[PDB]
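Residue numbers count from 1 along this sequence.
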Amino acid sequence: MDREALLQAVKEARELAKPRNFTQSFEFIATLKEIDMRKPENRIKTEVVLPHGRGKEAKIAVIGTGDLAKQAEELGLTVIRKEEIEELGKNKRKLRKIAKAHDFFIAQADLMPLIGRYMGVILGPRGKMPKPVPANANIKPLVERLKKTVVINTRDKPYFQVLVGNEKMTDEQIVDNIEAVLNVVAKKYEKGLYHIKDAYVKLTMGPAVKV
Ligand SMILES: [Cl-]
Ligand SMILES: [Cl-]
Ligand SMILES: [Cl-]
């Protein structure tokens, strides 16, 4: 599965897709062979920074006080202050809304207990448990990475699908992004990309094109 094959798949996925009145995203899909997904160690749940980003930036919320909140404000992010944590635990409807509206959460490390007690019941099952940072952290670099980040998640099945860009990006960009995703698999298993059984590219409402 070389770059030429990937470009061909992206190109055809783009061409086959019917026009729709929204900007469609590119999705990359892979099945795995000869990997025992019954062993938890073989499962993948890994963030990947896409070199050209997602198409539209991921939305990030920050749970923090003091200078963490200041930084979040300076970066234009949703801020959830310490007082709001208990409130959101009460108002789970609102918490669901906030969870849906964001792709990643960053949290002041010392707030993790409070977050687990009150918000984790909603965030955890959605895979949006916050990632902790030290209270003195400069979060700008992390935020910039997360804006371009997608998650590869197989759960317990030899399959994943992941966002790799949108149609306003170039084919070359989509392929770079797909390569970044594949590198996770390459690094994960002893024989790496040997374990790719079949791979596909599609636009949101277009057909899946096999690589
Ligand atoms: Cl990465
Ligand atoms: Cl969600
Ligand atoms: Cl291109």
Just how far is it from atom CD of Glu41 to atom CD1 of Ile35, taken to the nearest 0.5 Å?
10.0 Å
Between CG on residue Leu111 and CE on residue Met119, distance to nearest 0.5 Å
10.0 Å
Spell out, as yes or no, whether a donor-acceptor pair under 3.5 Å connects the side chain of [X] to the backbone of [Y].
X: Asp67; Y: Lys70; result: no
X: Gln71; Y: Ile139; result: yes
X: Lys188; Y: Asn42; result: no
X: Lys210; Y: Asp198; result: no
X: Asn177; Y: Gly53; result: yes
X: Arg54; Y: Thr149; result: yes
X: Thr154; Y: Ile44; result: yes

Do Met112 and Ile115 come close enough that some side-chain heavy atom pair is under 4.5 Å?
yes
Beyond-backbone contact of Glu47 with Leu146, side-chain heavy atoms, under 4.5 angstrom:
yes
Under a 3.5 Å threshold, yes or no: a donor from one side chain and an acceptor from the other, between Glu34 and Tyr189?
no
What closest approach, in Å, do [X] and [Y] show between heavy atoms, and which atom pair accounts for it?
X: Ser25; Y: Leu163; answer: CB-CD1, 3.6 Å
X: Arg14; Y: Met169; answer: NH2-O, 3.0 Å
X: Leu32; Y: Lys197; answer: C-CB, 4.0 Å
X: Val151; Y: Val162; answer: O-CG2, 3.8 Å
X: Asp110; Y: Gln108; answer: OD1-NE2, 2.9 Å
X: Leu50; Y: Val164; answer: CD1-CA, 4.0 Å

Check the surroundings of atom [atom1] in [X]: do more than 12 heavy atoms from other residues, nucleotides or ligands lie under 6.0 Å from it?
X: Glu86; atom1: CD; result: no
X: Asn136; atom1: CG; result: no
X: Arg20; atom1: CZ; result: yes
X: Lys45; atom1: NZ; result: no
X: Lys33; atom1: NZ; result: yes

Using the rule that two of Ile, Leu, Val, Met, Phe, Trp, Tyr join whenever any of their side-chain heavy atoms come within less than 4.5 Å, decide whether [X] and [Y] are in one cluster.
X: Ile174; Y: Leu193; result: yes
X: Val201; Y: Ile152; result: yes
X: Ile29; Y: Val150; result: no

Out of the candidates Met1, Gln8, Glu12, only one should pair with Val211 under the side chain to side chain contact (heavy atoms under 4.5 Å, CB included) rule; please name it.
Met1
N-O pairing of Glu83 and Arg81 below 4.0 Å:
no
Would you mind checking if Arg3 and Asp176 are paired as a salt bridge, meaning a charged N to carboxylate O distance below 4.0 Å?
yes
Pair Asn153-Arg155, side-chain contact (heavy atoms from CB on, under 4.5 Å): steps then yes or no:
CA-CA 6 Å; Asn153 191 8; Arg155 296 173 296 167; 3.7 Å; yes
Apply the test side-chain contact (heavy atoms from CB on, under 4.5 Å) to residues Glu167 and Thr23: give CA-CA distance (whole Å), side-chain angles for both, the deciding distance (0.1 Å), then the verdict.
CA-CA 6 Å; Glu167 53 179 335; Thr23 304; 3.9 Å; yes
Run the side-chain contact (heavy atoms from CB on, under 4.5 Å) test on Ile98 and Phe105 for me, step by step, so that the C-alpha distance in whole Å, both residues' side-chain angles and the decisive distance to 0.1 Å come before the verdict.
CA-CA 10 Å; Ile98 295 172; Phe105 288 80; 4.1 Å; yes
Measure from NZ or CZ of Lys92 to the centre of the six-membered ring of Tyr118, then state whether that distance is under 6.0 Å and the direction lies within 45° of the axis.
no
